[PDB]
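Engineer: Structure of the sequence below:
(2 chains, ligands or ions: 4)
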Amino acid sequence: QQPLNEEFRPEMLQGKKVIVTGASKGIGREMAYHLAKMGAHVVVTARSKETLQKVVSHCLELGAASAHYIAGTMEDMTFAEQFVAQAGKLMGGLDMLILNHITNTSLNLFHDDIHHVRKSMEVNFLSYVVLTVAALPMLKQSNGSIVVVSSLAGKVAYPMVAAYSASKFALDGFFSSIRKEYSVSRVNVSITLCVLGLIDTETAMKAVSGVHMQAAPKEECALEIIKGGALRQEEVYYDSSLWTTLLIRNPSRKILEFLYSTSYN
Amino acid sequence: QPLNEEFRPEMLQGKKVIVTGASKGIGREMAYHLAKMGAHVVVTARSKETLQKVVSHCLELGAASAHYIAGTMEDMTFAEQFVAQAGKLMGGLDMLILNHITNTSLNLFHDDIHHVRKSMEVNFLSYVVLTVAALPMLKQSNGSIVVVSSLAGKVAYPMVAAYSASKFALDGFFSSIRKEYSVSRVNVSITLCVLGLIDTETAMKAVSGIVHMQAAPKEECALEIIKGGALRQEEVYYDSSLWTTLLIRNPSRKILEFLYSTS
Ligand SMILES: NC(=O)c1ccc[n+]([C@@H]2O[C@H](COP(=O)([O-])OP(=O)(O)OC[C@H]3O[C@@H](n4cnc5c(N)ncnc54)[C@H](OP(=O)(O)O)[C@@H]3O)[C@@H](O)[C@H]2O)c1
Ligand SMILES: NC(=O)c1ccc[n+]([C@@H]2O[C@H](COP(=O)([O-])OP(=O)(O)OC[C@H]3O[C@@H](n4cnc5c(N)ncnc54)[C@H](OP(=O)(O)O)[C@@H]3O)[C@@H](O)[C@H]2O)c1
Ligand SMILES: C[C@H](CCC(=O)NCCC[N+](C)(C)CCCS(=O)(=O)[O-])[C@H]1CC[C@H]2[C@@H]3[C@H](O)C[C@@H]4C[C@H](O)CC[C@]4(C)[C@H]3C[C@H](O)[C@]12C
Ligand SMILES: C[C@@H]1CN(c2ccc([N+](=O)[O-])cc2)CCN1S(=O)(=O)c1ccc(C(C)(C)C)cc1
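Structural biologist: Numbers count the residues shown, from 1 in each chain, chains lettered A, B, ... in the order given. Ligands and ions are numbered 1, 2, ... in the order given. This is the structure:
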């Protein structure tokens, strides 16, 4: 996967057709708004239409080349697959798939909640796979890009987020493996995994409101995510701590993977 | 917190161990090793005839008990029943060795969502269900949970995406609850094992074409899993090369988690 050795330029997204999921709020909404401000075509999704409409409206107000929404739950694999189709017609193509949404989750110990674990896998992980499969043909045409939004808990272990972490680890294991597949098959679709720390979205602020954890600004975060996709980077790291930003990489893993891949064929 | 001792076989003598996917491969050799130790075993898998055969050689080997209970971990109900059924058959549970996997598909991923889902269900979700159901008894003996995983559950490889997803998920989930059990003072240890190429028939069938590094003896591999589990180690790394286990360590992650919990 060859990234561009350029500096990012906001114009790179002008006229581009982009899906963003879980975009009625949080980092997703903020991504829609940056893409809007860049004059991109944008289709957003989430379960609730009212909140989605506001985003759509302000996107056009912000200068979006076009902007729509389709509401639905990503518990529905059928909705997921269909959403990408409807969204493809709407824009006449696809340059970028931004996979962002999660099921509602809050900090808690794990006792018996298999139903939360499975819904997490289904919504947080499986639905991302179904959306990728549904979007690849269009993405092969544009030579597009999959952006997968992940978490520190998707690279290291923390208490209170077991089912969430499982699903985020899964994303890494899956998409990191198909990136290597796309590179032998010579599929020219980039895959960017984003490892975010605590971000000041309203939901996240509510879920931790109860010690001191410094949150990072959602607007800058959203842009760092778009920048990584645009530039076809493998991983984007974003946290408020410089120590965390550093320690969340895995140089051992890069070396090993590189030795294996220039070794096997 | 590991046990501050050298391993000695008799630690397992009398203990109540479940071993899943124990009809063949590494699972089978763990049943056997635990048997020469004196443990009470109960194995499980889908293969009735073969389970029977192993259970029988376990009795010949020194085991204090040997029972099998065939079924598929695609079935969460049977997974839940199985631990209860096995708990009775033993009057307690000391060790839960979680090892089974669905059949892994060595190929480019294209559109088989159902195979991804099934990998997640069998390879990961069923491990959660089994653990949920074996907890109460594990708490009472202050027992151990062993989770078997792979090079491909720590780093990424092409051709095994669904499997890598499931093994990665094992790491997140069980590493997260390990930190939860420490702070809520649950005295149940958790061991994640990371295995390179082991010479099981399954593996050798899989790597037959290409030429790799020497595969490692499944009998040694199985014992090291039991050892680490017994000593309550957090992680066991096993490959025929020490270089592999050196290269696979991630000190960054260890330091970052130390930082988060001094806090
Ligand atoms: N903020 C953080 O501290 C943080 C940290 C690490 C990683 N991240 C990652 O950043 C991404 C965005 O998180 P956020 O904090 O911005 O969350 P958020 O503000 O809570 O936004 C979640 C979005 O997902 C949608 N959603 C929820 N359930 C859905 C379902 N079943 N089907 C379809 N859409 C659903 C929501 O809309 P509806 O409810 O209307 O459906 C909403 O638009 C996530 O992947 C998260 O893991 C965030
Ligand atoms: N061998 C290696 O090179 C290697 C490398 C990395 C990781 N590992 C890990 O080591 C563990 C064991 O590997 P192995 O090579 O020993 O595998 P194996 O020889 O293929 O045995 C897998 C076991 O799982 C059982 N199983 C399959 N589907 C099942 C289902 N639906 N329900 C219940 N049981 C099922 C199989 O029994 P039945 O068909 O009789 O049901 C079999 O006993 C796995 O977790 C694997 O990830 C091995
Ligand atoms: C053999 C490879 C890994 C080899 C590797 O990654 N090595 C490359 C170079 C590493 N080194 C730098 C150490 C060597 C170079 C310097 S050195 O001098 O040391 O060679 C590993 C990685 C993924 C593994 C499969 C999965 O588990 C799924 C499945 C589980 C079953 O149960 C058994 C079958 C199967 C198909 C597994 C078989 C095997 O187990 C695989 C292929
Ligand atoms: C540092 C943050 C927050 N984390 C966390 C973990 C544990 C606790 N705790 O109070 O024990 C508090 C916070 C988990 C890891 N990260 S994160 O950025 O991966 C993250 C942020 C927000 C969440 C939600 C879904 C709980 C809001 C989960 C993970």
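Engineer: for chain A, what spans make up the helices?
Structural biologist: A:26-36, A:49-62, A:77-91, A:114-120, A:127-142, A:162-184, A:202-208, A:218-230, A:242-247, A:251-261 (DSSP state H).
Engineer: Can you tell me what sits against the fifth one?
Structural biologist: Put plainly, it is helix A:127-142. Under the contact criterion Cβ atoms under 8 Å, 6 or more residues apart in numbering or on different chains, helix A:127-142 has outside partners A:17, A:19, A:21, A:74-75, A:77, A:80-81, A:83-85, A:88, A:93-95, A:97, A:99, A:101, A:144-146, A:148, A:171, A:174-175, A:187-189, B:110-111, B:113, B:116. For every residue, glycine as well, the C-beta is placed using N, CA and C.
Engineer: Return a ChimeraX selection command for the buried portion of those.
Structural biologist: If you want just the buried ones from the contacts of helix A:127-142 in ChimeraX, going by 16 or more other Cβ atoms under 10 Å in any protein chain shown, the selection is:
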select /A:17,19,21,74,77,80,81,83,84,88,94,95,97,99,101,144,145,146,148,171,174,175,187,188,189 /B:113,116
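Engineer: Within reach of ligand 1, which of the contacts of helix A:127-142 are there?
Structural biologist: Among the contacts of helix A:127-142, the residues that sit close to ligand 1 (Cβ under 6 Å from any ligand atom) are A:74, A:75, A:101.
Engineer: now the residues you listed as a markdown table including distance to ligand 4?
Structural biologist: Output for these, formatted as a markdown table (distance: Cβ to the nearest ligand atom, whole Å):
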| residue | distance to ligand 4 |
| --- | --- |
| A:74 | 16 |
| A:75 | 17 |
| A:101 | 12 |
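Engineer: how about the residues of chain A that lie near ligand 3?
Structural biologist: A:256, A:259, A:260, A:263.
Engineer: so what's the third one closest to, chain neighbours aside?
Structural biologist: Take residue A:260 and drop its neighbours on the chain: the residue closest to it by Cβ to Cβ, 6 or more residues apart in numbering or on different chains is residue B:157, 7.1 Å away.
Engineer: Touching, residue A:152 and residue A:249? I think so.
Structural biologist: No: between residue A:152 and residue A:249 no contact is recorded; they are 11.6 Å apart, counting by Cβ atoms under 8 Å.
Engineer: show me what contacts the residue in the stretch 151-265 of chain A positioned nearest to ligand 2?
Structural biologist: Using Cβ to the nearest ligand atom, the single residue of the stretch 151-265 of chain A nearest to ligand 2 is residue A:173, 12.5 Å away. Taking Cβ under 8 Å, 6+ apart, we find residue A:173 in contact with B:152, B:153, B:156, B:161, B:164, B:165, B:166, B:167, B:168, B:169.
Engineer: one more time with 6 Å
Structural biologist: With Cβ atoms under 6 Å, 6 or more residues apart in numbering or on different chains as the criterion, the residues that contact residue A:173 are B:164, B:165, B:168.
Engineer: gap between the last one and ligand 3?
Structural biologist: In this case it means residue B:168. Distance, residue B:168 to ligand 3, by Cβ to the nearest ligand atom, to the nearest Å: 12 Å.
Engineer: again, but for the second one
Structural biologist: With the distance defined as Cβ to the nearest ligand atom, residue B:165 ends up 12 Å from ligand 3.
Engineer: ok, back up a step: and the residue nearest to residue A:260, backbone torsions?
Structural biologist: phi -140, psi 150 (degrees, to the nearest 10).
Engineer: of all the residues in the stretch 151-265 of chain A, which ones are close to ligand 4?
Structural biologist: Proximity of the stretch 151-265 of chain A to ligand 4 (Cβ under 6 Å from any ligand atom) is limited to residues A:151-153, A:158-161, A:164, A:196-198, A:204, A:207-208, A:213.
Engineer: ok, residue A:154 touching residue A:170?
Structural biologist: No: at 8.7 Å, residue A:154 and residue A:170 do not qualify as touching, with contact defined as Cβ atoms under 6 Å.
Engineer: wait, isn't residue A:240 in contact with residue A:212?
Structural biologist: No: counting by Cβ under 6 Å, residue A:212 is not a contact partner of residue A:240; they are 11.7 Å apart.
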